[PDB]
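J.: See coords.csv below, with CSV, C-alpha atoms and all ligand atoms.
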```csv
chain,number,residue,atom,x,y,z
A,152,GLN,CA,91.6,84.2,130.6
A,153,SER,CA,88.9,86.9,131.3
A,154,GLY,CA,88.8,87.4,135.1
A,155,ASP,CA,92.6,86.7,135.4
A,156,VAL,CA,94.8,89.2,137.3
A,157,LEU,CA,98.3,90.3,136.3
A,158,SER,CA,101.0,91.6,138.6
A,159,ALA,CA,98.3,91.8,141.3
A,160,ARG,CA,96.5,94.9,140.0
A,161,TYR,CA,95.3,94.5,136.4
A,162,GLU,CA,92.0,92.6,135.9
A,163,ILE,CA,91.3,91.4,132.4
A,164,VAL,CA,87.8,92.4,131.3
A,165,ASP,CA,87.9,92.1,127.5
A,166,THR,CA,89.9,91.2,124.4
A,167,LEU,CA,90.9,94.1,122.2
A,168,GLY,CA,93.1,92.3,119.6
A,169,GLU,CA,94.9,89.1,118.8
A,170,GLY,CA,97.8,87.9,116.7
A,171,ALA,CA,100.8,85.6,116.2
A,172,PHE,CA,102.3,87.1,119.3
A,173,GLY,CA,99.4,86.6,121.8
A,174,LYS,CA,96.6,89.1,122.7
A,175,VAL,CA,95.9,92.6,123.8
A,176,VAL,CA,93.3,92.9,126.6
A,177,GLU,CA,91.4,95.6,128.3
A,178,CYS,CA,92.1,95.6,132.0
A,179,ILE,CA,90.7,97.3,135.1
A,180,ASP,CA,93.6,98.8,137.2
A,181,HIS,CA,92.5,98.1,140.8
A,182,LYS,CA,95.4,100.2,142.1
A,183,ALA,CA,94.4,103.4,140.1
A,184,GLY,CA,90.8,103.9,141.1
A,185,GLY,CA,89.5,101.2,138.6
A,186,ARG,CA,90.2,103.2,135.3
A,187,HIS,CA,91.0,101.1,132.2
A,188,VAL,CA,94.2,100.3,130.4
A,189,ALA,CA,95.4,98.1,127.6
A,190,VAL,CA,97.8,95.2,128.2
A,191,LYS,CA,99.6,93.2,125.5
A,192,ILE,CA,100.3,89.7,126.8
A,193,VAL,CA,102.9,87.9,124.7
A,194,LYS,CA,103.1,84.1,124.2
A,195,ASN,CA,105.8,82.3,126.3
A,196,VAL,CA,107.6,81.3,123.0
A,197,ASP,CA,111.1,82.5,122.0
A,198,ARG,CA,110.4,84.5,118.9
A,199,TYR,CA,107.5,86.4,120.5
A,200,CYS,CA,109.5,87.0,123.7
A,201,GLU,CA,112.3,88.6,121.7
A,202,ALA,CA,110.0,90.8,119.6
A,203,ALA,CA,108.4,91.9,122.9
A,204,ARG,CA,111.8,92.8,124.4
A,205,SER,CA,112.7,94.7,121.2
A,206,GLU,CA,109.3,96.5,121.3
A,207,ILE,CA,110.0,97.6,124.9
A,208,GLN,CA,113.4,99.0,123.9
A,209,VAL,CA,111.9,100.9,121.0
A,210,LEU,CA,109.1,102.2,123.2
A,211,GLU,CA,111.5,103.4,126.0
A,212,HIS,CA,113.5,105.2,123.3
A,213,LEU,CA,110.5,106.8,121.7
A,214,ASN,CA,108.7,107.6,124.9
A,215,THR,CA,111.9,109.3,126.3
A,216,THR,CA,112.4,111.3,123.1
A,217,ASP,CA,108.7,112.3,122.9
A,218,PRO,CA,107.1,111.9,126.4
A,219,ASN,CA,103.9,113.6,125.3
A,220,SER,CA,103.4,111.6,122.2
A,221,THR,CA,103.5,114.7,119.9
A,222,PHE,CA,104.4,112.2,117.2
A,223,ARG,CA,101.5,109.9,117.9
A,224,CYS,CA,103.3,106.7,118.9
A,225,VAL,CA,101.4,104.7,121.5
A,226,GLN,CA,102.5,105.4,125.1
A,227,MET,CA,103.8,102.5,127.2
A,228,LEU,CA,103.0,103.0,130.8
A,229,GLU,CA,105.0,100.1,132.3
A,230,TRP,CA,106.0,96.5,131.6
A,231,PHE,CA,106.4,93.3,133.5
A,232,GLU,CA,106.5,89.4,133.4
A,233,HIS,CA,103.6,87.1,134.6
A,234,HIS,CA,103.7,83.3,134.3
A,235,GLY,CA,106.7,83.8,131.9
A,236,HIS,CA,104.6,86.0,129.5
A,237,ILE,CA,105.9,89.5,128.9
A,238,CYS,CA,103.2,92.1,129.6
A,239,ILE,CA,103.2,95.6,128.2
A,240,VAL,CA,100.7,98.2,129.6
A,241,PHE,CA,99.5,101.0,127.3
A,242,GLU,CA,97.2,103.9,127.6
A,243,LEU,CA,93.9,102.6,126.4
A,244,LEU,CA,93.0,103.6,122.8
A,245,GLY,CA,89.7,103.0,120.8
A,246,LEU,CA,89.1,100.8,117.8
A,247,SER,CA,91.5,100.2,115.0
A,248,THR,CA,90.9,102.0,111.7
A,249,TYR,CA,90.2,98.5,110.2
A,250,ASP,CA,87.6,97.7,112.8
A,251,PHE,CA,85.9,101.1,112.4
A,252,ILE,CA,85.6,100.6,108.7
A,253,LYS,CA,84.3,97.0,109.1
A,254,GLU,CA,81.8,98.2,111.8
A,255,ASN,CA,80.5,100.8,109.2
A,256,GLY,CA,79.9,98.2,106.5
A,257,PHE,CA,83.2,98.9,104.6
A,258,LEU,CA,82.0,102.5,103.8
A,259,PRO,CA,85.2,104.4,103.1
A,260,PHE,CA,86.3,107.4,105.2
A,261,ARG,CA,85.4,110.9,104.0
A,262,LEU,CA,88.3,112.8,102.4
A,263,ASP,CA,88.5,115.4,105.1
A,264,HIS,CA,89.0,112.6,107.7
A,265,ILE,CA,91.5,110.8,105.4
A,266,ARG,CA,93.6,114.0,105.1
A,267,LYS,CA,93.8,114.3,108.9
A,268,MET,CA,94.6,110.6,109.4
A,269,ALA,CA,97.2,110.4,106.6
A,270,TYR,CA,98.9,113.4,108.0
A,271,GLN,CA,99.2,112.0,111.5
A,272,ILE,CA,100.3,108.6,110.2
A,273,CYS,CA,103.1,110.2,108.1
A,274,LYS,CA,104.1,112.5,111.0
A,275,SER,CA,104.3,109.4,113.3
A,276,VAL,CA,106.2,107.2,110.9
A,277,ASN,CA,108.5,110.1,109.9
A,278,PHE,CA,109.5,110.4,113.5
A,279,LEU,CA,110.5,106.8,113.4
A,280,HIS,CA,112.4,107.3,110.2
A,281,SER,CA,114.2,110.4,111.8
A,282,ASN,CA,115.4,108.1,114.6
A,283,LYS,CA,116.9,105.4,112.4
A,284,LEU,CA,113.9,103.0,112.6
A,285,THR,CA,111.6,101.3,110.1
A,286,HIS,CA,108.2,100.0,111.4
A,287,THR,CA,107.9,97.3,108.7
A,288,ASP,CA,104.3,96.2,109.5
A,289,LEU,CA,102.0,99.2,108.9
A,290,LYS,CA,98.4,98.3,108.2
A,291,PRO,CA,94.9,99.6,109.3
A,292,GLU,CA,94.8,97.1,112.2
A,293,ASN,CA,97.9,98.8,113.7
A,294,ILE,CA,96.5,102.4,113.4
A,295,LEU,CA,94.1,103.1,116.2
A,296,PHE,CA,91.7,105.9,117.0
A,297,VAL,CA,92.3,107.8,120.3
A,298,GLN,CA,88.5,107.8,120.9
A,299,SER,CA,86.2,106.0,118.5
A,300,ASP,CA,83.0,107.9,119.6
A,301,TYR,CA,80.8,108.7,116.6
A,302,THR,CA,77.7,110.6,115.5
A,303,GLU,CA,75.1,109.1,113.2
A,304,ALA,CA,72.8,110.6,110.5
A,305,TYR,CA,70.9,109.2,107.6
A,306,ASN,CA,72.9,109.6,104.3
A,307,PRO,CA,70.3,109.7,101.4
A,308,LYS,CA,73.1,109.1,98.8
A,309,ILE,CA,73.5,105.5,100.0
A,310,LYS,CA,70.0,105.2,101.6
A,311,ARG,CA,71.3,104.1,105.0
A,312,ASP,CA,72.7,105.2,108.3
A,313,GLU,CA,76.4,106.0,108.7
A,314,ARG,CA,78.9,106.7,111.5
A,315,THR,CA,81.1,109.8,111.5
A,316,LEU,CA,83.9,110.0,114.1
A,317,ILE,CA,83.7,112.9,116.6
A,318,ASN,CA,87.5,113.0,116.8
A,319,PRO,CA,89.6,111.2,114.0
A,320,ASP,CA,93.0,111.4,115.8
A,321,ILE,CA,95.1,108.3,115.5
A,322,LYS,CA,98.1,106.6,117.1
A,323,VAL,CA,100.4,104.1,115.7
A,324,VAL,CA,100.9,100.9,117.7
A,325,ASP,CA,102.8,97.7,117.4
A,326,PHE,CA,106.6,98.2,117.4
A,327,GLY,CA,107.3,94.5,117.7
A,328,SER,CA,108.8,94.3,114.2
A,329,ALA,CA,110.4,97.8,114.2
A,330,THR,CA,114.0,97.6,113.1
A,331,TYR,CA,116.9,100.0,113.6
A,332,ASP,CA,119.2,100.8,110.7
A,333,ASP,CA,122.2,98.9,112.1
A,334,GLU,CA,120.2,95.8,113.2
A,335,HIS,CA,119.4,92.5,111.4
A,336,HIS,CA,116.8,93.0,108.6
A,337,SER,CA,114.3,90.1,108.4
A,338,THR,CA,114.0,88.5,104.8
A,339,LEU,CA,110.2,89.0,104.7
A,340,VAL,CA,108.4,91.9,106.3
A,341,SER,CA,105.0,93.5,106.3
A,342,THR,CA,101.5,91.9,106.0
A,343,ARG,CA,101.0,90.9,102.3
A,344,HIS,CA,98.6,93.5,101.0
A,345,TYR,CA,100.8,96.3,102.3
A,346,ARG,CA,104.1,94.7,101.3
A,347,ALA,CA,106.5,96.6,99.0
A,348,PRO,CA,108.0,95.2,95.8
A,349,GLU,CA,111.6,95.3,97.0
A,350,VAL,CA,110.4,92.9,99.8
A,351,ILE,CA,108.5,90.6,97.5
A,352,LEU,CA,111.7,90.5,95.2
A,353,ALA,CA,114.1,90.2,98.2
A,354,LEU,CA,116.3,93.1,97.1
A,355,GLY,CA,116.6,94.3,100.8
A,356,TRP,CA,114.6,97.1,102.3
A,357,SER,CA,114.7,100.2,104.6
A,358,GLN,CA,112.5,103.2,105.4
A,359,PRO,CA,110.9,103.4,101.9
A,360,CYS,CA,109.0,100.0,102.5
A,361,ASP,CA,106.9,101.8,105.1
A,362,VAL,CA,106.0,104.5,102.6
A,363,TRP,CA,104.6,101.8,100.2
A,364,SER,CA,102.6,100.4,103.1
A,365,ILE,CA,101.2,103.9,103.8
A,366,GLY,CA,100.2,104.2,100.2
A,367,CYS,CA,98.3,101.0,100.3
A,368,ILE,CA,96.6,102.0,103.5
A,369,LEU,CA,95.4,105.3,102.1
A,370,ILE,CA,93.8,103.6,99.1
A,371,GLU,CA,91.9,101.2,101.5
A,372,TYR,CA,90.7,104.2,103.5
A,373,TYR,CA,89.5,105.8,100.3
A,374,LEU,CA,87.8,102.7,98.7
A,375,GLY,CA,87.0,100.6,101.8
A,376,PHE,CA,88.7,97.6,100.2
A,377,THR,CA,92.2,96.5,99.1
A,378,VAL,CA,93.3,96.9,95.5
A,379,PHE,CA,95.5,93.8,96.1
A,380,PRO,CA,92.9,91.0,96.9
A,381,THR,CA,95.5,88.2,96.7
A,382,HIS,CA,97.4,85.6,98.7
A,383,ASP,CA,100.0,84.7,96.1
A,384,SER,CA,103.3,86.5,95.4
A,385,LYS,CA,103.3,86.2,91.6
A,386,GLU,CA,99.7,87.3,91.3
A,387,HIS,CA,100.3,90.2,93.7
A,388,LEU,CA,103.0,91.4,91.2
A,389,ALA,CA,100.6,91.0,88.2
A,390,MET,CA,98.2,93.1,90.1
A,391,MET,CA,100.9,95.8,90.7
A,392,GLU,CA,101.6,95.7,86.9
A,393,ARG,CA,98.0,96.1,86.1
A,394,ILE,CA,97.5,99.1,88.5
A,395,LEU,CA,101.0,100.8,88.1
A,396,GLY,CA,102.5,99.5,84.9
A,397,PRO,CA,105.5,97.2,84.3
A,398,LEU,CA,108.0,96.6,86.9
A,399,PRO,CA,111.3,98.4,86.2
A,400,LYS,CA,113.8,96.3,84.4
A,401,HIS,CA,116.7,96.8,86.9
A,402,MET,CA,114.6,95.4,89.8
A,403,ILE,CA,113.8,92.4,87.6
A,404,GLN,CA,117.4,91.7,86.7
A,405,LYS,CA,118.6,92.0,90.3
A,406,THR,CA,116.0,89.6,91.9
A,407,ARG,CA,116.7,86.0,92.5
A,408,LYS,CA,112.9,85.2,92.6
A,409,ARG,CA,113.4,83.7,89.1
A,410,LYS,CA,110.2,81.6,89.5
A,411,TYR,CA,108.2,84.8,88.9
A,412,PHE,CA,109.9,85.7,85.6
A,413,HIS,CA,110.3,84.5,82.1
A,414,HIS,CA,112.9,86.2,80.0
A,415,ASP,CA,113.0,89.6,81.8
A,416,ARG,CA,109.2,89.8,82.1
A,417,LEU,CA,106.6,88.7,84.7
A,418,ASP,CA,105.7,85.1,83.8
A,419,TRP,CA,102.0,85.8,83.7
A,420,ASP,CA,99.2,84.6,81.3
A,421,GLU,CA,96.4,87.3,81.1
A,422,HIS,CA,94.1,84.7,79.5
A,423,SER,CA,94.4,82.2,82.3
A,424,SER,CA,91.7,82.0,85.0
A,425,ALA,CA,94.0,84.0,87.5
A,426,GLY,CA,94.7,86.4,84.6
A,427,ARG,CA,91.0,87.1,84.2
A,428,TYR,CA,90.6,87.5,88.0
A,429,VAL,CA,93.4,90.2,88.0
A,430,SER,CA,91.9,91.9,84.9
A,431,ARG,CA,88.5,92.0,86.6
A,432,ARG,CA,89.6,93.3,90.0
A,433,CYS,CA,92.5,95.6,89.1
A,434,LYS,CA,92.9,98.5,86.8
A,435,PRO,CA,95.2,101.5,86.4
A,436,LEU,CA,95.4,103.4,89.6
A,437,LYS,CA,93.7,106.7,88.6
A,438,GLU,CA,90.7,104.8,87.4
A,439,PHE,CA,89.8,104.1,91.1
A,440,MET,CA,89.2,107.8,91.8
A,441,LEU,CA,85.7,108.5,92.9
A,442,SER,CA,85.8,112.2,91.8
A,443,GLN,CA,87.9,114.4,89.5
A,444,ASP,CA,88.1,117.5,91.7
A,445,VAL,CA,91.5,118.8,92.7
A,446,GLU,CA,91.5,117.4,96.3
A,447,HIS,CA,91.0,113.9,94.9
A,448,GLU,CA,93.8,114.4,92.2
A,449,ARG,CA,96.2,115.5,94.9
A,450,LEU,CA,95.5,112.5,97.2
A,451,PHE,CA,96.1,110.4,94.1
A,452,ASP,CA,99.2,112.2,93.2
A,453,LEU,CA,100.6,111.4,96.7
A,454,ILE,CA,99.5,107.8,96.6
A,455,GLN,CA,101.1,107.3,93.3
A,456,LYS,CA,104.4,108.8,94.6
A,457,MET,CA,104.2,106.4,97.6
A,458,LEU,CA,103.6,103.5,95.2
A,459,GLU,CA,106.7,104.3,93.1
A,460,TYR,CA,108.3,100.9,92.4
A,461,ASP,CA,112.0,101.9,93.0
A,462,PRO,CA,112.5,102.5,96.7
A,463,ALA,CA,115.3,104.9,95.7
A,464,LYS,CA,112.8,107.0,93.8
A,465,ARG,CA,109.9,106.8,96.2
A,466,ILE,CA,108.7,109.8,98.0
A,467,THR,CA,110.1,110.2,101.6
A,468,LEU,CA,107.7,111.0,104.4
A,469,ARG,CA,109.5,114.3,105.0
A,470,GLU,CA,108.6,115.2,101.4
A,471,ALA,CA,105.1,113.7,101.9
A,472,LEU,CA,104.4,115.9,104.8
A,473,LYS,CA,104.8,119.1,102.5
A,474,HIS,CA,102.6,117.6,99.7
A,475,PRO,CA,99.7,119.9,98.6
A,476,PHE,CA,97.1,117.4,99.7
A,477,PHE,CA,97.9,118.5,103.3
A,478,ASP,CA,97.3,122.3,102.9
A,479,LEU,CA,93.6,122.3,104.0
A,480,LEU,CA,95.0,121.6,107.4
A,481,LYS,CA,96.9,125.0,107.5
B,1,LIG,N1,93.1,99.6,122.4
B,1,LIG,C1,94.3,99.6,122.5
B,1,LIG,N2,94.8,100.6,123.3
B,1,LIG,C2,96.2,100.6,123.5
B,1,LIG,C3,97.0,99.8,122.8
B,1,LIG,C4,96.5,98.8,121.9
B,1,LIG,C5,97.3,97.9,121.2
B,1,LIG,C6,98.6,98.0,121.2
B,1,LIG,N3,99.1,97.0,120.4
B,1,LIG,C7,98.0,96.4,119.9
B,1,LIG,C8,98.1,95.5,119.0
B,1,LIG,CL1,99.8,94.8,118.3
B,1,LIG,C9,96.8,95.0,118.6
B,1,LIG,CL2,96.9,93.7,117.5
B,1,LIG,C10,95.6,95.5,119.0
B,1,LIG,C11,95.7,96.5,119.9
B,1,LIG,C12,96.9,97.0,120.3
B,1,LIG,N4,95.1,98.8,121.8
```
Mind converting the file's structure to structure tokens?
T.:
Amino acid sequence: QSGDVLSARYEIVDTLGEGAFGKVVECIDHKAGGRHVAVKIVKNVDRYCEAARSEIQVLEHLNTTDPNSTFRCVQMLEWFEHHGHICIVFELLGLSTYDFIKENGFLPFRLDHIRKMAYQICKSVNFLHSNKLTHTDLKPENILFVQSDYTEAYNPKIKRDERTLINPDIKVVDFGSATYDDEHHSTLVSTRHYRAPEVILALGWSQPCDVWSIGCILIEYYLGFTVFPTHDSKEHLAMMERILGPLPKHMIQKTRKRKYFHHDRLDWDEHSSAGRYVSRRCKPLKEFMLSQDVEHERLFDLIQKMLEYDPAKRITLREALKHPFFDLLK
């Protein structure tokens, strides 16, 4: 579809992203002096149409409450229909945090940049949480840099070139799954590696599932890889138990996912092949730390609080925003 024109002004010139829903494309705006925008074009299929309409309602709400994007939600500029596809026009951002990492060879982000990003992500999502919303699908692909311009220097530690962002400011995009407190809550939310245990065990969820997702994101920014390299539910839980300890008993008694359990324990053989895989790749959380200095212990203190098993006990983003890890921004 490169070369197509939407609503008589937007010429598609590139693909920015892609998904279940359809695609996001970079367009030239022939009616505003040729400067560039992003456009999400949704598939002409019911479930994606409905999500898109819902996204539009959330964006109108958010953009009216915070017209200047103080809280770092993406700004919708307009929306329209075109060959029965819903099209949402956004301010053009830069690469996703996922793509920047990949482009850098999976080198993790420096801790100073991680502090700034984490702050902005928690500030953004806390704004949602303050307005009776849960995002439900937070992940690095959905956090984008405002500008992804970088400098480059040789790093003798690693013996190769590396890219450092000029400006690490982010925005949160994709409100297609975002859910108000009083609306229907889908059975299964989130992308698997960022999915909270209440979701996996179908106990119901709310704002705390986003906090778990953020915890998972921050680990990835720090390591450059997931700690949950899995595509199977029961295995993902064995990995949790290896990194965080046993699942709380009350969660186990409440769940109807009885296939995952034997007596009141995870039905998991450590000596099986999958057992060896987990034992190889996963280890107690604090063992992933790359240094012992206090900045690192505090990041890890936050992470651990975000990866509390019981959503009732998990840290809230209002509490996260005052965590000591954030003081070097003051
Ligand atoms: N570059 C840019 N600038 C503004 C918005 C977007 C954008 C909004 N939603 C997106 C989704 Cl759901 C994906 Cl998967 C990829 C990009 C976007 N991207």
J.: Do you know which residues lie at most 10 Å from (78.9, 106.5, 118.8), with coordinates as in the file and all atoms listed in the file counted, and could you write them as a ChimeraX atom specification?
T.: /A:298-303,314-317
J.: For the point (96.7, 104.9, 109.0) in the file's frame, write as an NGL selection string all residues with an atom no more than 12 Å away, counting all atoms listed in the file.
T.: :A and (223 or 247-249 or 251-252 or 260 or 264-276 or 288-296 or 319-324 or 345 or 361-362 or 364-373)
J.: From the list A:241, A:199, A:257, A:451, which residue is nearest ligand LIG 1 (chain B) when using all atoms listed in the file?
T.: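 Comparing A:241, A:199, A:257, A:451 against ligand LIG 1 (chain B), the winner is A:241.
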J.: When the cut-off is 8 Å and you count only C-alpha atoms and all ligand atoms, which residues lie near ligand LIG 1 (chain B), shown as a PyMOL selection string?
T.: chain A and resi 167-170+174-177+188-191+225+240-247+292-293+295+324-327
J.: Between CA of residue 194 in chain A and CA of residue 334 in chain A, measure the distance and give it in Å to one decimal.
T.: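 CA of residue 334 in chain A lies at a distance of 23.5 Å from CA of residue 194 in chain A.
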J.: List the neighbours of residue 164 in chain A out to 10 Å using all atoms listed in the file; skip same-chain residues closer than 4 positions along the sequence, and give me the result as a PyMOL selection string.
T.: chain A and resi 152-156+176-179+187
J.: Could you jot down the CA of residue 339 in chain A to CA of residue 469 in chain A separation for me, Å, one decimal place?
T.: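 Taking CA of residue 339 in chain A and CA of residue 469 in chain A, their separation equals 25.3 Å.
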J.: Of the residues A:376, A:331, A:460, A:439, which is the one nearest to residue 209 in chain A, using all atoms listed in the file?
T.: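 Of the candidates, the smallest distance to residue 209 in chain A is held by A:331.
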J.: Name all residues at most 8 Å from residue 350 in chain A (count only C-alpha atoms; drop same-chain ones fewer than 5 positions away) and give them as a compact mmCIF listing (two decimals) with C-alpha atoms, in the coordinates of the input.
T.:
```txt
# COMPACT_ATOMS: atom_id res chain seq x y z
CA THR A 338 114.00 88.50 104.80
CA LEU A 339 110.20 89.00 104.70
CA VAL A 340 108.40 91.90 106.30
CA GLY A 355 116.60 94.30 100.80
CA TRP A 356 114.60 97.10 102.30
CA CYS A 360 109.00 100.00 102.50
```
J.: What does the structure give for the distance between CA of residue 385 in chain A and CA of residue 421 in chain A, in Å to one decimal?
T.: 12.6 Å
J.: For residue 348 in chain A, please output as a PDB file with C-alpha atoms, in the frame of the given file all residues within 8 Å (counting only C-alpha atoms; exclusion window: fewer than 3 positions along the same chain).
T.:
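After the write, part_30.pdb holds the following:
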```pdb
ATOM      1  CA  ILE A 351     108.500  90.600  97.500  1.00  0.00           C
ATOM      2  CA  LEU A 352     111.700  90.500  95.200  1.00  0.00           C
ATOM      3  CA  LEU A 388     103.000  91.400  91.200  1.00  0.00           C
ATOM      4  CA  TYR A 460     108.300 100.900  92.400  1.00  0.00           C
TER       5      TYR A 460
END
```
J.: Between A:349, A:478, A:206, A:312, which is the closest to residue 237 in chain A once you count all atoms listed in the file?
T.: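 Counting all atoms listed in the file, the residue closest to residue 237 in chain A is A:206.
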